[PDB]
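**Q** sequence and experimental coordinates follow.
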Amino acid sequence: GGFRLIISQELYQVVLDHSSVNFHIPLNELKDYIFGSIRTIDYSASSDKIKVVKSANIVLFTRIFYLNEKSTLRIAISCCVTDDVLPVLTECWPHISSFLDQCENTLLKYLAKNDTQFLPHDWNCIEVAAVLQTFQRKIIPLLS
């Protein structure tokens, strides 16, 4: 089914932006949905958010995490899908959350490899490709 995968981080920089052939919305509106709220408490911790972009019939789910204990900078793995996937997305969430964990581990290992705090924006980066592949082969198929 169609999807848009954005990997981004705070310094905001977009590392990957991939829409499926099958599949939008402005990048500045997304930065706000991803890193933008007075309804949720900000804990400075690793988390998951699901938001409905009413203006586009889309649901956005985001894993956001820190490089490490000492860091104040966030990395986000965000995905847009049709809002009618929300029932399946919520039914299958323990599966999706576990796959997002692997994606989070993968990007963190890149940072460890390169002793850096920054993902490339011109990614032969196998770690970024591995995340795209996890969405293509595991997450999105489960959401049909």
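**A** Yep, it's here. Numbering: from 1, shown residues only.
**Q** gap between the residue of the chain most remote from its centre and residue 20?
**A** Distance from the centre of the chain peaks at residue 115, with 22.2 Å (Cα atoms, centre = their mean). Look at residue 115 and residue 20: by Cβ to Cβ, to the nearest Å, they are 34 Å apart. Using the backbone N, CA and C atoms, a C-beta is placed for each residue, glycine as well.
**Q** swap in residue 72?
**A** Separation of residue 72 from residue 20 (Cβ to Cβ): 33 Å.
**Q** what about those two, which has more around it?
**A** More neighbours surround residue 20 than the other of residue 72 and residue 20, with 14 against 8 (other Cβ atoms under 10 Å).
**Q** show me the contacts for the more buried one.
**A** Contact analysis of residue 20 by Cβ atoms under 8 Å, 6 or more residues apart in numbering lists 2-4, 140.
**Q** switch the cut-off to 6 Å
**A** For residue 20, the contact set (Cβ atoms under 6 Å, 6 or more residues apart in numbering) comprises 2-3.
**Q** residue ranges of the strands in the protein, please?
**A** Counting by DSSP state E, one finds strands in the chain at the ranges 4-9, 13-19, 47-53, 58-66, 74-82.
**Q** give the other helices and strands that the fourth one contacts.
**A** Of the remaining helices and strands, those touching strand 58-66 by 3 or more Cβ pairs under 6 Å, 6 or more residues apart in numbering; DSSP states H and E are strand 47-53, strand 74-82.
**Q** show me the longest helix that occurs in this protein.
**A** Identified as the longest helix of the chain according to DSSP state H is helix 93-113.
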